[PDB]
Structure formats: C-alpha cells, structure tokens
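Here you get one chain, nothing else, as structure tokens; it is the form deposited in one PDB entry.
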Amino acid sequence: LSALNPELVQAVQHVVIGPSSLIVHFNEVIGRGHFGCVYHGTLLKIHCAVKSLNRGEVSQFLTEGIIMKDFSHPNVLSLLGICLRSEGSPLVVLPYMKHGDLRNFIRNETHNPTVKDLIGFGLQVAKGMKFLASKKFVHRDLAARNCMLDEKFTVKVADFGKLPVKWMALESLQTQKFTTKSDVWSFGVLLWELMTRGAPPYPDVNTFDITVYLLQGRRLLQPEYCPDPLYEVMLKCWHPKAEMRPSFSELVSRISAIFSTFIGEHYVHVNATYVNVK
C-alpha cells in the first residue's frame, strides 16, 4: 500500500521476494490457526513454509518480519523473505522444517527419545535464547510449541503467533511486563515439557488463577525422567526474584555439563497420568 510507512516499506525492500519467484501451494496446508495460516511453497527450487494473514495489522505483520532479518543463529528460525502479493495479504517465507514443532515431535509415540536427546533439545533452545538475549530481544512466548525441528534435528526457536499464563513468570502475570528474566522462567517450563515428553503444564490448574496457585508456594513437579541436577536448574529459572534467575549463558553452561554426562542409554516413556491430557 506504500501508504503504510516509508521507513518500513524500504526495510521490507531488502528482503522482498518477487511474487513470480515463489509458488504457494495453497492446496497443501501446514499450519492454519487463529489469525494467519501456513502453507507449503517453492522458492527459486527450495522447499519452504509460507505464512499468511487471514485478516494496522498488516504493519505489525511486516514489522515482526523485519526483526527476524537479523536473527542469524543455528538455533533461531530464519527468514527467507517477505513476499508482497498484489492480490492478498503479504506473506512471510520461512525455511521448511521437516519435523514440525518440538512439542508434537516429542509427543509422538513412534519416537524414541532418550534423556540425552531431550536434554540436547533444551540445550539448543538455551543457545538460541542466549543469542536472542544478546540482541536485547525478549521472546514473550517461549514454549515447545513455538520451537521448530529440522531434518538434522536442529531446534529453531520461533513464534507461530489470550496470554500463555502457564509459561509466564510471576511478575509478568502480575504486571504484564516482559523481560529476558521472564523468558528464563518460560525456559524452565519448556525444560519440563521436554522431560515429560510434551505434557501440559499444571493439568489441574485453571488459567484464570495460576498466580494464586503459584503464590501458595508451588512449582511443577519433577518429571519422572528428569535428572535431579536438571530439576535444580528448572527451580532456578523459577526463582521468585527475577534477578536471581540464571542468565541464558549460565543455562547453556550448566545444561551442557548435565548433557555431557549421558550416553544415550536412558529412554524416556510417557507418564500414564499425563496421557491424552489436554
């Protein structure tokens, strides 16, 4: 529309994908959810994922896209480009992730992860977060459902895009303010999700009052296959004082030590009480 904002229109220019150099297979759907949608696509012939807005809002869309342009790290999802379709909503083009999101992947009964594999995934998320934190970028919705998994089993932190209260730090639930320290709280929950193989956090608890629940003096239970030292790390991520939580560099350090101790002998099986739980 150009009448959007010169500055943004120019920034989107250096990453523009000519509508003729990308084919969208609207027939082959991938994502599809509240607001936007995801489709398979070909780029010139690289396989890709094409995010669209099903819909001011277009501006936030393009804006969220431009920020991704500086995300260059093996553990952070990259942007191929943004295609300005002269027929509909602009599109965001992403590399194809053969294994989809991390939560659905670990939840799969046909998969046979070990303690080591799962800790490894957490290690990769932490590396991605460490990069993001160094760029002063606050995620706000860090969870296993927002982490992608490619063909080499490399984890990419992302955001599919009504608060995810169950991953939110105490101060954020109380204030609505987000920081890197509240991302650490979310990361601890992400660790729990991995070790439980994608179980829903606080099954019994209502979204409307996780705050009251947490203030009673509670935290998530140690999953059955979670090593003590990793649980000790989870509890640190959930420190009541935000400044007392470890940084992502510390987490990378600590988790990488725990990970090195395993050899791939301990298989992780789903909990019977968590099965089919929504």
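All residue numbers are counted from 1 along the displayed sequence. By rigid core we mean the largest C-alpha set that fits within 1.5 Å across both forms.
Just so you know, the form deposited in another entry exists too; it's not on screen, but the next bit is about it.
Enquirer: Taking the rigid core as reference, which of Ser89, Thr114, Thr179, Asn75 is displaced at the C-alpha by at least 2 Å between this form and the one not shown?
Expert: If I go through the list carefully, the shifting residue is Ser89.
Enquirer: Superposing on the rigid core, does the Cα of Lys241 end up 2 Å or more away between this form and the one not shown?
Expert: Where the cores coincide, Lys241 shows only a C-alpha shift between this form and the one not shown that is less than 2 Å.
Enquirer: Superposed on the rigid core, does the Cα of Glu224 end up 2 angstroms or more away between this form and the one not shown?
Expert: Not so; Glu224 is displaced by less than 2 Å.
Enquirer: Quick check on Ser260: with the core superposed, does its CA move 2 angstroms or more between this form and the one not shown?
Expert: Shift of 2 Å or more: no.
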